[PDB]
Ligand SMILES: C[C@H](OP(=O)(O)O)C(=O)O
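Next up: just one chain, as structure tokens, the form deposited without this ligand.
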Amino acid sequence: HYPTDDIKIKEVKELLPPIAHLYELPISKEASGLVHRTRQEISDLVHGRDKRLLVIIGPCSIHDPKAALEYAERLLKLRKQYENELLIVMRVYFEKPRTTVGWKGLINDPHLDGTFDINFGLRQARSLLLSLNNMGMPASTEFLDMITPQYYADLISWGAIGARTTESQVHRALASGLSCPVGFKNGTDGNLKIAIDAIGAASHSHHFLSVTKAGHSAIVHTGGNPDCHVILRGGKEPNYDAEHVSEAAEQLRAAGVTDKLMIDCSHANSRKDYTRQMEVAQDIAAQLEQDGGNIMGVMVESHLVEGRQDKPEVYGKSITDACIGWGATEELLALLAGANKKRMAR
């Protein structure tokens, strides 16, 4: 026999099943209530029943749980303070997806050394998400595959599908069965249609392969997800301004799906310059003051210390994309709370 199986595989290793983590870290009654309620409050925004602004805000990536928890303490106070204008949810992303050289994130490589201790990574991820919900901070994350959600999606109040997978049929099928509302990014070249098609698709029932809670190969049958929306993240040019929002809203209505959308203040819309997220937020603030009816949320990349570093030396500073520091965070949130108070008052 010539070999034909696993020719280009170095190793296949068993992971602990979801249920091993769920046994160690069950969702508490209070975390359950927060997640349940936060998903519902987000649905209300997606569907225009409430005019608060959803704000997904936090580090580009989580590389330190201690810092993430300190960040969440500071954020919670503003969450509460602005609760009538803003719905603040912490950004809890474990990786920056690069199909290239670079750290593969906290789940895949928690030790930051290339050892791929994924059992530890998943444990740490779940543990942080549970501690967050327990202190009263809801969590948001991006789902990159069809298996990881079984480990922690019970703790997630809002989920993202990235620009590179929005068109993927199987990722649309995943979104159709996510317990949380889901945002779809427009394409890497600014293509809106793939995200608009994604919202329609994810509303329907699908089948996809995954694993049971007990860790075994499975077929999953979804019910559909009515709570999906687009996320404007730039493309050929930035797409956050009134003209781009109006055009997207127009296309959304034509497709018969929600014309309420979210705008990334970071990444391509800021020209990959953290000091310009404020610029985008100010533009958004002005929209909310003039009208801004089609805006239901924004995303901001924020951390305890501004900027970036390429190794984790400075506490609370990003090792992936540069973030605004805490001072600028307070200023940006005050700005959007002020502006949206006026919108809501009409």
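Quick note: we count residues from 1 along the sequence shown, nothing fancier.
- Of the two stretches examined, 296 to 304 and 281 to 289, the record assigns the greater average C-alpha temperature factor to 281 to 289.
- Stretch comparison (145 to 153 versus 265 to 273) by mean CA B-factor in the PDB entry places 265 to 273 on top.
- Looking at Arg91, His171, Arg126, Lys80, the one whose CA carries the top B-factor in the deposited record is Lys80.
- In the PDB entry, the Cα temperature factor peaks, among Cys323, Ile9, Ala337, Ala20, at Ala337.
- Per-chain ranking of the deposited C-alpha B factor places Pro110 in the middle third.
- In the PDB entry, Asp117 places in the middle third of its chain by CA B-factor.
- In this PDB entry, the Cα temperature factor of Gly223 sits in the middle third of its chain's modelled residues.
- For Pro312, the recorded CA B-factor ranks within the highest third of the chain. Only modelled residues enter the ranking.
- Per the deposited record, the Cα B-factor of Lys213 falls in the lowest third when ranked against the other modelled residues of its chain.
Only in words, not in the display: the form solved in complex with this ligand, which the text now covers.
- The stretch from 124 to 132, 68 to 76, 92 to 100, 243 to 251 that comes within 4.5 Å of this ligand in the deposited bound form, counting heavy atoms only, is 92 to 100.
- Site annotation in the deposited bound form: the residue of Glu30, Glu279, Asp321, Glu289 reaching within 4.5 Å of this ligand with a heavy atom is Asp321.
- Only one of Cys60, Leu304, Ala285, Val35 comes within 4.5 Å of this ligand in the deposited bound form through a heavy atom, and that residue is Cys60.
- If you check this ligand in the deposited bound form, you find a heavy atom from every one of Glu142, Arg233 and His267 within 4.5 Å.
- The closest heavy atom approach of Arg271 to this ligand in the deposited bound form falls outside 4.5 Å.
- Contact annotation for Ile199: none of its heavy atoms lies within 4.5 Å of this ligand in the deposited bound form.
- Taking the partner from elsewhere, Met137 is found to have every heavy atom lying beyond 4.5 Å of this ligand in the deposited bound form.
- When this ligand is considered in the deposited bound form, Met262 lies well away from it, no heavy atom lying within 4.5 Å.
- Of all the residues from 270 to 298, none has a non-hydrogen atom no more than 4.5 Å from this ligand in the deposited bound form.
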